[PDB]
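Peer 1: Quick one: structure below, then a few questions.
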Amino acid sequence: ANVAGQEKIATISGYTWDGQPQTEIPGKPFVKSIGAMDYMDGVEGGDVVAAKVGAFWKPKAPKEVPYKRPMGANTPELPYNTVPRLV
Amino acid sequence: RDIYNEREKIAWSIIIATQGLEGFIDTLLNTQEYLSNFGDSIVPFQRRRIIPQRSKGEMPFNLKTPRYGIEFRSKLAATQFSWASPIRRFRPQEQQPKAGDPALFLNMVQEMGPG
Amino acid sequence: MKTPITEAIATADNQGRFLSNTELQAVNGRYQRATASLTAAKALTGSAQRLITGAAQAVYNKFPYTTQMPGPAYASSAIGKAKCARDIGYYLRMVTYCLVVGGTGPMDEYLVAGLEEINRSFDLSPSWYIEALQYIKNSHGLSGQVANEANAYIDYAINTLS
Amino acid sequence: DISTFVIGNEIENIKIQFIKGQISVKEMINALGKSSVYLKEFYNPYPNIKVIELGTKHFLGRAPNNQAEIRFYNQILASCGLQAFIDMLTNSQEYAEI
Amino acid sequence: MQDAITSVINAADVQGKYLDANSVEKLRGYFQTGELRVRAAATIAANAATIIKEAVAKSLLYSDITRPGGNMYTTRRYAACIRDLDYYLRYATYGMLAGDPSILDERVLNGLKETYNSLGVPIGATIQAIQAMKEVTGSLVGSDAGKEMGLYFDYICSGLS
Amino acid sequence: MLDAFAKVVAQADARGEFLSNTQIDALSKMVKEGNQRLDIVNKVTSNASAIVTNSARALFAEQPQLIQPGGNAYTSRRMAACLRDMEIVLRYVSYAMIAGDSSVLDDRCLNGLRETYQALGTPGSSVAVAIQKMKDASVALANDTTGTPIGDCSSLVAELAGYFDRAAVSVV
Amino acid sequence: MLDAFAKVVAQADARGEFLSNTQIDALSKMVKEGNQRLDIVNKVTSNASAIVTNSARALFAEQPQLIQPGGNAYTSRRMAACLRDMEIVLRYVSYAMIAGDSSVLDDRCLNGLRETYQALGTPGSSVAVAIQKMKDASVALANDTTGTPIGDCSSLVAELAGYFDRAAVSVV
Amino acid sequence: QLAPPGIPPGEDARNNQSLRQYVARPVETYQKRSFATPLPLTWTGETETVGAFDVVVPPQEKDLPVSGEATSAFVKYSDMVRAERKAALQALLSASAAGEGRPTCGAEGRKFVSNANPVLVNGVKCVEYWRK
Amino acid sequence: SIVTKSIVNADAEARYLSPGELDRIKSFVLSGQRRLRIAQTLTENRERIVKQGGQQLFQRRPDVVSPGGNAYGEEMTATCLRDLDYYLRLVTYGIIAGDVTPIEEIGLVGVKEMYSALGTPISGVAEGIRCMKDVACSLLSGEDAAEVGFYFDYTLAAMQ
Amino acid sequence: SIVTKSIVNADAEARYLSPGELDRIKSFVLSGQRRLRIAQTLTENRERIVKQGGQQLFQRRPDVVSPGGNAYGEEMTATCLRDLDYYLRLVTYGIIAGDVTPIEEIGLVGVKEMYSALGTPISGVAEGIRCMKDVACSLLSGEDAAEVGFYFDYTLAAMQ
Amino acid sequence: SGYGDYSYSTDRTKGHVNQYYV
Ligand SMILES: *CC[C@H]1/C(=C/c2[nH]c(/C=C3N=C(/C=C4\NC(=O)C(CC)=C4C)C(C)=C\3CCC(=O)O)c(CCC(=O)O)c2C)NC(=O)[C@@H]1C
Ligand SMILES: *[C@@H](C)[C@H]1/C(=C/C2=NC(=C\c3[nH]c(C[C@H]4NC(=O)C(C=C)=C4C)c(C)c3CCC(=O)O)/C(CCC(=O)O)=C2C)NC(=O)[C@@H]1C
Ligand SMILES: *[C@H](C)[C@H]1/C(=C/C2=NC(=C\c3[nH]c(C[C@H]4NC(=O)C(C=C)=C4C)c(C)c3CCC(=O)O)/C(CCC(=O)O)=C2C)NC(=O)[C@@H]1C
Ligand SMILES: *[C@H](C)[C@H]1/C(=C/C2=NC(=C\c3[nH]c(C[C@H]4NC(=O)C(C=C)=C4C)c(C)c3CCC(=O)O)/C(CCC(=O)O)=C2C)NC(=O)[C@@H]1C
Ligand SMILES: *[C@H](C)[C@H]1/C(=C/c2[nH]c(/C=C3N=C(/C=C4\NC(=O)C(CC)=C4C)C(C)=C\3CCC(=O)O)c(CCC(=O)O)c2C)NC(=O)[C@@H]1C
Ligand SMILES: *[C@H](C)[C@H]1/C(=C/c2[nH]c(/C=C3N=C(/C=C4\NC(=O)C(CC)=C4C)C(C)=C\3CCC(=O)O)c(CCC(=O)O)c2C)NC(=O)[C@@H]1C
Ligand SMILES: C=CC1=C(C)[C@@H](Cc2[nH]c(/C=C3N=C(/C=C4\NC(=O)[C@H](C)[C@H]4CC)C(C)=C\3CCC(=O)O)c(CCC(=O)O)c2C)NC1=O
Ligand SMILES: C=CC1=C(C)[C@@H](Cc2[nH]c(/C=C3N=C(/C=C4\NC(=O)[C@H](C)[C@H]4CC)C(C)=C\3CCC(=O)O)c(CCC(=O)O)c2C)NC1=O
Ligand SMILES: CCC1=C(C)/C(=C/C2=NC(=C\c3[nH]c(/C=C4\NC(=O)[C@H](C)[C@H]4CC)c(C)c3CCC(=O)O)/C(CCC(=O)O)=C2C)NC1=O
Ligand SMILES: CCC1=C(C)/C(=C/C2=NC(=C\c3[nH]c(/C=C4\NC(=O)[C@H](C)[C@H]4CC)c(C)c3CCC(=O)O)/C(CCC(=O)O)=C2C)NC1=O
Ligand SMILES: CCC1=C(C)/C(=C/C2=NC(=C\c3[nH]c(/C=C4\NC(=O)[C@H](C)[C@H]4CC)c(C)c3CCC(=O)O)/C(CCC(=O)O)=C2C)NC1=O
């Protein structure tokens, strides 16, 4: 977990110096921050010399075709006048 | 003085979120609790901390609430053994000799000499 | 830290307001200067070891008593000489943090606050570190607006020590 | 644990193939014992008589039963080699029962 | 393996005794120091990899053992040696929680002095790497907890010499 | 409060190191995104009254017990307090969009909020429904062209949607 | 806050009785000790910055991970706050020596200091090591003659070491 | 008896909340507040402090001169082993025996080892019950 | 060694070396005089390969020698260059053995758990091996460089 | 120990300990409070006893510290004083055990064979113990100096 | 046995005797 953060592959949330789980929001354990690097592409195995992850020989596709579509028989059946997970 | 209950904390924290910090300290300084005690010419203090005949007190407020608490203590807290590459020492057993080492008698041959 | 971006959030946060166009222009000016700033931080990093060993030697040339006087505060031992070059590397590292961030915020937080109390307690002299920072200002070898950004944070450290 | 005696890529595909749920624990153990890591560790430095007592120890949890078993596995290791040995252990009826 | 509680139940069971006042004293001694042990067991578990890194730097990273020809020269022999210090720290923590050194005789010291002699591992060097790991741990966890962990380090060192 | 540039500085100071050469190059991509990240903050600030009000009105139509007598958003003072919690969470999401790091969001806004709504009686599962409705109103407004040059802003609206999802699981 | 004279009055008041003749004579020995108590305090406050700095320097030699990057005394501010703690404890130990009672030391210095360090994450076992280095630096400067007449101050430097031990136990 | 801490009595907000959106109220006490912390009694004469009148300087090494039994037993034991010691000391001096063999320890290391206790070799005897 | 690796492949299958395995061992010994000349070209160029290969590394990875890196200090950078000499020596062992077996058993088995214990970036050691390959392969011809280039190629992939 | 030396004599004749032998062991263990005090006076005057005893040895034997002598140089004179502390520590072992058993089993059995292998004059080691005996016996009273004077005398006769 | 192999004879380090001045 130190090698992973030393090569800048990812940040692994661990423990404090006395055994308590690390966390960014004190409700749950092992919560980690986000932003601007978790969504940056082309840096998957960054800092690892000559890493070949995926189809490295060509630039990825834009993928910018996001649109809504009716999910006939796949729409989730929700409760009415209420919210899920008990009360 | 101390917070009355943890609903006084909820009631006043929305002044900081909607008016900023500059409106929260204007509202606090203009309470009648402030102006009756310190006015505008007295530095504030921990009012009625210790009963007159007692020996102990009531844990002064700089010690009761430090800079950060249990929340933020899982990100602002330092560490021991940080993987930090510090200065090296290179020969540790030469600083602490063992029992039969004659280097424990080395600044004694300076004394018992020809004199 | 004090960045150009956190000083824009804080201006809007201090009144309970959304980010106006006053604050988008301040973050835009950070992005125009960041091209010269991230090439100066890359170049101070790339020649950091040559700049630290040279600047420690510049201190011993000007103040040669620091290598001869016995005592804990001086570099008259091999342990004292390693702690001197540790300190030059602390000052150079904070400069390349200020170039990356874009403002005098890393070295205000990690180095400047509490620095007078250390030099008074441990008998260190701020004129040792001014001479070390005047070496790096004259020997980093940059030119243009790359050198303007590097010297702007080296001169911030000389003004706090003096 | 293999961290001290492998380079790092010998049994990496067996691990990924198991975590995906593609192979069972019996296939992951047959594929793990007939790899280059087992051959280098428990077949090269020892004779076949000691390779029999280690094979039952790792794949059956017990020493060899009797002489009819030692002379049965010894004839497999003479004719077919190591990988036919591992298949006779994992595919036995004693293994499938326990 | 048996802990401080199981050790007292087993000693009274082979005599046919109900727990008398002398067995209740040993049970109270463990229940009092029990909160001190769950505190050190959580602070050693979080600094496990960096405790061994600092304990090797203090004892045998700057000797000539790593010089060509000695043990822990190659990468396999260097990696296998920190895996043992990795072993001793984890089993001395099982012994400090249990309050009983019974797990060290069963799962650590069984045939270990013969294993080092067959391989060629210097046993006096392993004892000084363990004595350094005792000093690094006794400063992290304190004096009371560090004096208990140092009780099971000396047990591994005595059973190894 | 620290942005994306000061986040990698704080991670390197805990190791005591200079920044690596791939870390400078990944910060030069964020400068190149730049002008577009400022379009997303400009588009959800110029519509901030309508993100809140259209997704408040949509919330009391599906959950009518919230405005029934005895419900949590029933009074003038409790209705005006539901509308300003939506305006505060939208405010700190746009702060975290311009910073590139969710550190202004979960120190100033999200920390301690789950335990606060439980002390007040506010249903945190219904606050999450109102945050997820502001998410759809923001990402449908982030990727419309409307005065911006044509291009790919897909990994920036995937980051804006990630801040709304973080605030919606932290209130409950 | 109460000294040694006010503690025998506060204990005699909860009995409702005058001080005895042997309780006055025990206080006349404390008046006679007197000037020797004033020279314990005069020697530990005229060298106050040498007790603190030499004991801090001996602590980061023994525990050098505290000043490593990421450590607990690593920065300029976090190092200066560490020397405040050694200077505050030496201030209140010296207050308890001129009084003869460790009342001011635990009413307003040790009151809640163990739980201050737990909320911060400061290792209280290392603060206790630092107090023990300020202790023997202070009892070594207490029994040297150097401008005092020769005599027996043996039970006064045993009391001074008792307030240093009270502070070091009460912190972890 | 009383409402929870902080809740103005009679003005709760969970009054008519429906079941499908009712939030359980967390428990709160007055223990974190500073007014509820126990003080030292000190009106019953119990101050929890320490100072003068509580110091003890114990002499660790010398209690007092050793008891008359230990001193009488010492002079008695010395009178019993005296003649035994003066003879074993004379044996060492007068045992200036010669040397035989090749030196196996530098210049020494002859047939016999220096000062080897002869009672160990000759004190373990081979005995046969029903001698034969 | 090509001989040892071909015997353990036959002993595992309980057979004799096939004529295709024996034919490979024949041309391995006959080409021994040429392979001994390639290993001696690197053995006589350690100063140029380890100095230049180490100078090129500290320009692509300046943070490992900067203040705060693993190889910071006069004695630490020397240990840094000491390791590039360990790996150049093993590459000459493998050119003579005909196989990567000397590199694998000395300095590749357990290498990731080793460097992670010292706190050394495994990717900074692979960068220094790629920079030694640039100097070493420039001393050789068309063929005799593809041979030397493989042992540098394997040490990169096997180290990551 | 005196208890051990009595058990081996009785085992030699295959009998129980005689009343005269059980009478010694009783008179010995009762005196343990004074044997522990004699050994503590020497254990806290180690530096004065070794620094003074070795200071006299180099006036009576100036050849061991001259060129060609065994203890020539500062590091060999420190090893000289290391041996005088080895033998003082053994004397405190013998005072507490009531017998010369701990001395003879640690540092008297084969003592001439040891120093002959190192080149050390045995007559110079016995001269350093004789000079430490006066310093030690001068710290003790009339009959405590007679008990301590024996273990120094047995070591001298054994060392010649 | 293998390539990098330990043996007491080719071990010139002070690892089996803790002479810590070398
Ligand atoms: C070398 C000392 C060790 C150490 C000290 C350290 N302490 C702090 C922070 C605080 N210490 C106190 C203690 C007191 N404050 C008081 O006012 C009094 C007298 C009434 C005492 C006894 C408090 C309240 C704090 C925190 C409050 C604040 O700083 O505002 C710190 C700084 C922690 C931080 O991150 O701010 C340090 C470093 N730490 C060590 O590592 C040494 C072992
Ligand atoms: C133990 C701490 C010392 C030591 C102390 C002695 N001091 C003695 C007498 C003395 N001390 C002072 C100074 C004192 N009075 C003050 O008003 C102030 C500060 C404002 C100070 C420091 C005075 C004036 C006197 C003279 C009056 C008197 O003798 O009582 C003293 C008595 C000497 C004697 O035995 O007669 C002692 C023992 N002496 C030591 O050796 C240790 C180091
Ligand atoms: C992404 C969500 C949008 C989109 C964004 C693009 N903007 C591009 C260029 C650009 N943006 C600005 C404005 C900059 N200054 C400001 O004050 C603000 C905020 C109010 C911003 C963003 C300028 C001045 C420019 C032109 C400068 C230049 O390009 O050098 C841009 C690149 C153009 C292209 O790729 O062709 C993009 C993609 N475009 C979209 O379609 C979505 C909806
Ligand atoms: C009836 C003879 C029982 C009884 C029940 C009490 N319930 C009290 C409060 C309460 N009840 C509910 C459930 C209710 N709300 C719904 O929406 C539905 C179903 C659609 C039901 C059954 C809730 C959620 C609550 C708490 C919220 C509130 O205060 O309105 C109650 C008062 C409790 C109190 O104030 O402490 C009682 C007394 N009462 C009885 O005596 C028997 C047992
Ligand atoms: C070199 C230019 C000169 C020199 C240096 C020297 N410094 C010290 C001791 C300290 N330096 C610091 C400074 C910092 N610590 C920080 O964390 C930061 C910000 C990242 C800074 C700027 C501190 C706190 C100390 C004392 C603690 C320690 O020992 O590390 C010494 C040692 C002095 C001593 O031990 O008392 C030396 C020798 N001195 C010279 O002579 C050079 C000219
Ligand atoms: C609206 C969509 C939902 C809802 C909201 C609601 N909230 C409150 C009361 C408070 N909300 C806060 C919130 C914050 N304080 C902060 O400091 C921050 C940033 C960290 C936030 C997000 C606070 C402090 C209060 C109490 C003070 C006040 O008067 O507002 C209420 C009123 C509760 C009451 O009046 O008792 C309501 C109704 N409730 C819903 O039903 C919606 C699902
Ligand atoms: C549950 C609700 C539900 C629906 C209503 C349909 C709606 C629907 N139609 C299409 C997809 C399509 N729909 C049409 C239909 C038409 N184009 C014309 O020119 C005519 C005007 C009209 C029919 C007469 C065509 C031609 C495509 C394919 C377009 C293409 O592939 O380019 C798609 C995209 C999926 C796909 O391409 O496979 C969807 C979601 N599907 C659903 O799941
Ligand atoms: C007729 C002549 C006659 C005597 C002279 C005494 C002699 C004598 N003294 C002690 C014995 C003792 N006597 C003392 C007394 C003291 N030690 C001090 O330092 C104080 C000055 C004093 C106390 C007031 C002590 C402490 C012992 C015990 C000595 C020991 O530890 O063995 C004992 C043994 C037990 C006993 O009787 O107390 C005897 C018989 N008895 C006699 O019958
Ligand atoms: C790879 C090294 C290796 C060897 C050599 C080996 C030998 C080996 N020989 C065996 C038996 C045997 N070996 C022999 C051999 C001989 N009889 C004679 O008269 C001759 C003198 C001699 C042959 C030259 C016989 C007859 C048995 C069977 C004994 C029995 O059935 O009771 C057995 C018992 C299993 C069995 O019966 O098949 C083993 C394991 N194992 C190994 O791992
Ligand atoms: C023959 C096969 C073989 C190898 C490879 C080997 C490696 C090895 N590398 C070591 C240290 C080291 N290695 C480095 C290396 C580096 N620092 C960096 O920043 C760079 C990324 C990298 C250059 C490659 C450093 C700095 C140390 C010292 C670590 C310390 O002392 O804390 C050590 C400990 C001390 C020593 O003996 O040198 C070993 C045993 N041993 C072997 O037997
Ligand atoms: C949980 C109880 C337990 C212990 C303690 C244990 C010890 C143990 N240590 C081993 C090796 C080893 N141990 C070392 C250790 C050292 N080298 C040095 O220079 C130092 C003095 C020392 C480190 C402190 C080395 C170098 C080897 C490898 C021997 C070789 O590969 O030839 C091996 C061989 C296993 C293998 O390599 O797969 C075992 C089984 N096993 C256990 O199950």
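Each chain of the structure tokens is named A, B, ... in the order shown, its residues numbered from 1; ligands are numbered from 1 in display order.
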Identify, counting only C-alpha atoms and all ligand atoms, the protein, DNA and RNA residues located within 12 Å of ligand 2, and give them as a VMD selection string.
Peer 2: chain G and resid 29 to 46 97 to 98 138 to 160
Peer 1: At a cut-off of 8 Å around ligand 11, and using only C-alpha atoms and all ligand atoms, what residues come up? Please write them as a tab-separated table (two decimals) with N, CA and C atoms, in the first residue's frame.
Peer 2:
```tsv
chain	number	residue	atom	x	y	z
D	4	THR	N	8.50	-14.29	-0.87
D	4	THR	CA	9.94	-14.34	-0.63
D	4	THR	C	10.65	-15.29	-1.59
D	5	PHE	N	9.91	-16.09	-2.36
D	5	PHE	CA	10.54	-17.06	-3.24
D	5	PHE	C	9.94	-17.08	-4.65
E	65	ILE	N	26.92	-7.86	6.97
E	65	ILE	CA	26.21	-9.10	6.68
E	65	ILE	C	25.69	-9.11	5.25
E	66	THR	N	25.35	-7.94	4.72
E	66	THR	CA	24.79	-7.87	3.38
E	66	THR	C	25.89	-7.88	2.32
E	70	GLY	N	27.86	-13.41	2.52
E	70	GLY	CA	27.19	-13.69	3.78
E	70	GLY	C	25.70	-13.90	3.59
E	71	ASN	N	24.99	-14.27	4.65
E	71	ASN	CA	23.55	-14.42	4.56
E	71	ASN	C	22.97	-13.05	4.31
E	72	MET	N	21.74	-13.07	3.82
E	72	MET	CA	21.01	-11.87	3.43
E	72	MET	C	21.81	-11.01	2.44
E	73	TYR	N	22.59	-11.69	1.59
E	73	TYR	CA	23.24	-11.02	0.47
E	73	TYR	C	22.28	-10.89	-0.70
E	76	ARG	N	16.69	-12.86	-2.45
E	76	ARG	CA	15.90	-13.90	-1.80
E	76	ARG	C	16.27	-14.02	-0.33
E	77	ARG	N	17.56	-13.88	-0.01
E	77	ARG	CA	17.99	-14.05	1.37
E	77	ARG	C	17.74	-12.78	2.19
E	78	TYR	N	17.68	-11.62	1.53
E	78	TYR	CA	17.33	-10.41	2.25
E	78	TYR	C	15.83	-10.35	2.50
E	79	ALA	N	15.03	-10.77	1.53
E	79	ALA	CA	13.58	-10.77	1.71
E	79	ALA	C	13.12	-11.82	2.71
E	80	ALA	N	13.82	-12.95	2.78
E	80	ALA	CA	13.44	-14.00	3.72
E	80	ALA	C	13.82	-13.65	5.15
E	81	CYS	N	14.72	-12.69	5.33
E	81	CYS	CA	15.18	-12.35	6.67
E	81	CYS	C	14.27	-11.32	7.33
E	82	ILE	N	13.72	-10.39	6.56
E	82	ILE	CA	12.76	-9.44	7.11
E	82	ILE	C	11.41	-10.12	7.31
E	83	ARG	N	11.19	-11.24	6.64
E	83	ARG	CA	9.96	-12.00	6.85
E	83	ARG	C	9.97	-12.71	8.20
E	84	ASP	N	11.15	-12.95	8.76
E	84	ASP	CA	11.21	-13.55	10.09
E	84	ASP	C	10.97	-12.51	11.17
E	85	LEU	N	11.63	-11.36	11.08
E	85	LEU	CA	11.28	-10.25	11.96
E	85	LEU	C	9.81	-9.90	11.82
E	87	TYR	N	7.74	-12.19	11.37
E	87	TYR	CA	7.13	-13.27	12.14
E	87	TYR	C	7.20	-13.00	13.63
E	88	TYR	N	8.38	-12.61	14.13
E	88	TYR	CA	8.58	-12.48	15.56
E	88	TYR	C	7.73	-11.36	16.16
E	91	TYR	N	4.02	-12.69	16.39
E	91	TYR	CA	3.77	-13.74	17.36
E	91	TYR	C	4.04	-13.28	18.79
E	107	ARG	N	4.13	-22.68	17.96
E	107	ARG	CA	4.09	-22.26	16.57
E	107	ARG	C	5.28	-21.42	16.14
E	108	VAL	N	6.28	-21.23	17.00
E	108	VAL	CA	7.46	-20.47	16.61
E	108	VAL	C	8.72	-21.28	16.85
E	109	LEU	N	8.96	-21.66	18.10
E	109	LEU	CA	10.24	-22.22	18.49
E	109	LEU	C	10.38	-23.71	18.22
E	112	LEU	N	13.22	-24.65	15.56
E	112	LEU	CA	13.73	-23.46	14.88
E	112	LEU	C	15.24	-23.33	15.01
E	115	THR	N	16.57	-25.44	12.40
E	115	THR	CA	16.35	-24.93	11.06
E	115	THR	C	17.38	-23.87	10.69
E	116	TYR	N	17.76	-23.03	11.65
E	116	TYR	CA	18.79	-22.04	11.38
E	116	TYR	C	20.16	-22.67	11.23
E	119	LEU	N	20.32	-24.20	7.67
E	119	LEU	CA	20.41	-23.18	6.63
E	119	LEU	C	21.67	-22.34	6.74
E	120	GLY	N	22.20	-22.15	7.94
E	120	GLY	CA	23.38	-21.34	8.13
E	120	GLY	C	23.11	-19.95	8.66
E	121	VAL	N	21.92	-19.70	9.18
E	121	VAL	CA	21.54	-18.34	9.59
E	121	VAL	C	22.21	-18.01	10.92
E	122	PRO	N	22.92	-16.89	11.03
E	122	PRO	CA	23.53	-16.52	12.32
E	122	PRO	C	22.45	-16.27	13.37
E	123	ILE	N	22.53	-17.01	14.48
E	123	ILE	CA	21.50	-16.92	15.50
E	123	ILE	C	21.77	-15.75	16.44
E	124	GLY	N	23.04	-15.39	16.63
E	124	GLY	CA	23.35	-14.25	17.47
E	124	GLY	C	22.97	-12.93	16.81
E	125	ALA	N	22.97	-12.90	15.48
E	125	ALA	CA	22.53	-11.71	14.77
E	125	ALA	C	21.01	-11.57	14.80
E	126	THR	N	20.29	-12.68	14.74
E	126	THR	CA	18.84	-12.64	14.86
E	126	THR	C	18.41	-12.15	16.23
E	127	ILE	N	19.22	-12.43	17.25
E	127	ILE	CA	18.86	-12.01	18.60
E	127	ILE	C	19.08	-10.52	18.78
E	129	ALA	N	18.83	-8.30	16.23
E	129	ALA	CA	17.75	-7.68	15.47
E	129	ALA	C	16.45	-7.71	16.26
E	130	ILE	N	16.25	-8.74	17.08
E	130	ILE	CA	15.07	-8.80	17.93
E	130	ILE	C	15.21	-7.85	19.11
K	5	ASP	N	24.02	-19.25	-3.52
K	5	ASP	CA	23.88	-20.22	-2.45
K	5	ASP	C	24.83	-19.89	-1.32
K	6	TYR	N	24.37	-20.11	-0.09
K	6	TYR	CA	25.17	-19.80	1.08
K	6	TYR	C	26.01	-21.01	1.48
K	15	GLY	N	29.37	-12.02	10.37
K	15	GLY	CA	27.97	-12.23	10.69
K	15	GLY	C	27.76	-13.32	11.71
```
Peer 1: In Å, rounded to a single decimal, give me how far atom CA of residue J:100 is from atom CA of residue J:18.
Peer 2: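 Separation of atom CA of residue J:18 and atom CA of residue J:100: 21.6 Å.
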Peer 1: Which residues come within 7 Å of residue G:2, counting only C-alpha atoms, excluding same-chain residues fewer than 6 positions away, as an mmCIF file with N, CA and C atoms, in the first residue's frame?
Peer 2:
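Ended up saving to selection_20.cif:
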```cif
data_model
loop_
_atom_site.group_PDB
_atom_site.id
_atom_site.type_symbol
_atom_site.label_atom_id
_atom_site.label_comp_id
_atom_site.auth_asym_id
_atom_site.auth_seq_id
_atom_site.Cartn_x
_atom_site.Cartn_y
_atom_site.Cartn_z
ATOM 1 N N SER B 55 -10.557 22.917 45.804
ATOM 2 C CA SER B 55 -9.110 22.918 45.467
ATOM 3 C C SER B 55 -8.931 22.739 43.956
ATOM 4 N N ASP G 101 2.584 22.410 47.578
ATOM 5 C CA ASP G 101 1.422 21.596 47.286
ATOM 6 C C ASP G 101 1.232 21.564 45.783
ATOM 7 N N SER G 103 -1.259 21.623 43.912
ATOM 8 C CA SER G 103 -2.649 21.962 43.668
ATOM 9 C C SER G 103 -2.803 22.760 42.390
#
```
Peer 1: Please, which residues of chain G lie no more than 8 Å from chain B when the count uses only C-alpha atoms, and can they be set out as a ChimeraX atom specification?
Peer 2: /G:1-2,65-66,68-72,103,106-108,111-113,116,119-122
Peer 1: Interatomic distance between atom CA of residue K:14 and atom CA of residue E:67?
Peer 2: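 These two atoms are separated by 9.7 Å.
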Peer 1: Could you list, as a list in words, every residue within 12 Å of residue D:58, counting only C-alpha atoms and ignoring same-chain residues fewer than 5 positions away?
Peer 2: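 Residues near the query, excluding close chain neighbours: residues 29, 30, 32, 33, 38, 42, 51, 52, 53, 63, 64, 86, 89, 90 and 95 of chain D.
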Peer 1: Keeping only N, CA and C atoms, write the selected residues to a file as a compact mmCIF listing (two decimals), in the first residue's frame.
Peer 2:
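As a result, result.txt now contains:
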```txt
# COMPACT_ATOMS: atom_id res chain seq x y z
N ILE D 29 -6.19 -25.45 -6.84
CA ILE D 29 -5.16 -26.18 -6.12
C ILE D 29 -4.42 -27.16 -7.02
N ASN D 30 -5.12 -27.74 -8.00
CA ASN D 30 -4.43 -28.54 -9.00
C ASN D 30 -3.57 -27.66 -9.89
N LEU D 32 -2.28 -24.92 -9.05
CA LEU D 32 -1.25 -24.29 -8.23
C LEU D 32 -0.11 -25.25 -7.93
N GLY D 33 -0.41 -26.54 -7.84
CA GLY D 33 0.61 -27.52 -7.51
C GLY D 33 1.37 -28.03 -8.71
N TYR D 38 5.84 -24.77 -7.75
CA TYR D 38 5.90 -26.01 -6.99
C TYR D 38 7.04 -26.90 -7.47
N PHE D 42 9.39 -28.05 -4.43
CA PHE D 42 9.20 -29.34 -3.77
C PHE D 42 9.40 -30.52 -4.72
N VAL D 51 9.49 -36.72 -2.46
CA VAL D 51 8.44 -36.01 -3.16
C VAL D 51 7.08 -36.66 -2.93
N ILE D 52 7.06 -37.95 -2.59
CA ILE D 52 5.79 -38.62 -2.31
C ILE D 52 5.26 -38.21 -0.94
N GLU D 53 6.14 -38.19 0.07
CA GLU D 53 5.72 -37.81 1.41
C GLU D 53 5.33 -36.34 1.50
N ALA D 63 0.68 -38.29 5.96
CA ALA D 63 1.81 -39.02 5.42
C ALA D 63 1.32 -40.20 4.59
N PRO D 64 2.22 -40.87 3.87
CA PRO D 64 1.81 -42.04 3.09
C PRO D 64 1.30 -43.15 3.99
N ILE D 86 0.41 -35.02 -9.43
CA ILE D 86 -0.55 -34.11 -8.82
C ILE D 86 -1.98 -34.48 -9.20
N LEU D 89 -3.41 -37.27 -7.06
CA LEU D 89 -3.76 -36.89 -5.69
C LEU D 89 -5.07 -36.11 -5.65
N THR D 90 -5.17 -35.06 -6.47
CA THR D 90 -6.36 -34.22 -6.45
C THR D 90 -7.58 -34.94 -7.00
N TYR D 95 -9.48 -37.51 -1.68
CA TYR D 95 -9.53 -36.05 -1.74
C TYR D 95 -10.97 -35.56 -1.82
```
